[PDB]
């Protein structure tokens, strides 16, 4: 499923993402926008290390979800990567919460650093009523 901006904003708010581990909703919105374009079925294969990023938050198979084919993998979030390709994002959110519980926080995603960090991100939640 491809979420519309405000639809996703209110969903993430209802799922308790606003201010999670110091992370504003606008930052979670900026992250999803650049990682997948608010698309739950997006997948990216990393030919360099044989791992794959899954779903709306592009969660990695080497550390957060298990896809069975990733070399030296571990499952920190303890989810099948399959769960991150559903239209219901409850699981992807729970996995995203797990990712940021580590010291790096939202910085675990380089894309966040490249296009969200130290910028005006209000644009992602403006007019959404969230």
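One is the number of the first residue shown, and numbering goes on along the chain from there.
Cβ coordinates are placed from backbone N, Cα and C, and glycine is handled just like the others.
So that you can see what the record holds, here are the features copied from Swiss-Prot:
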ACT_SITE  35  active site
ACT_SITE  53  active site
DISULFID  6-128  disulfide bond
DISULFID  30-116  disulfide bond
DISULFID  65-81  disulfide bond
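Structure with Swiss-Prot features highlighted.
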residue	record	contacts (Cβ under 8 Å, 6+ apart)
6	disulfide bond	125, 127, 128, 129, 130
30	disulfide bond	112, 115, 116, 119, 121, 124
35	active site	42, 53, 56, 57, 58, 109, 111
65	disulfide bond	54, 59, 75, 77, 79, 80, 81, 83, 84, 95
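Reduced to three states, the DSSP call for residue 35 (active site) is helix. Residue 128 (disulfide bond): 18 other CB atoms within 10 A of its CB, across all protein chains. Within 10 Å of the Cβ of residue 116 (disulfide bond) there are 20 other Cβ atoms, across all protein chains.
In three-state terms derived from DSSP, residue 53 (active site) belongs to an extended strand segment. In the three-state DSSP scheme, residue 81 (disulfide bond) is classed as helix. If you draw a 10 Å sphere around the CB of residue 53 (active site), it holds 22 other CB atoms from the protein chains shown.
DSSP classifies residue 30 (disulfide bond) as helix under the three-state reduction.
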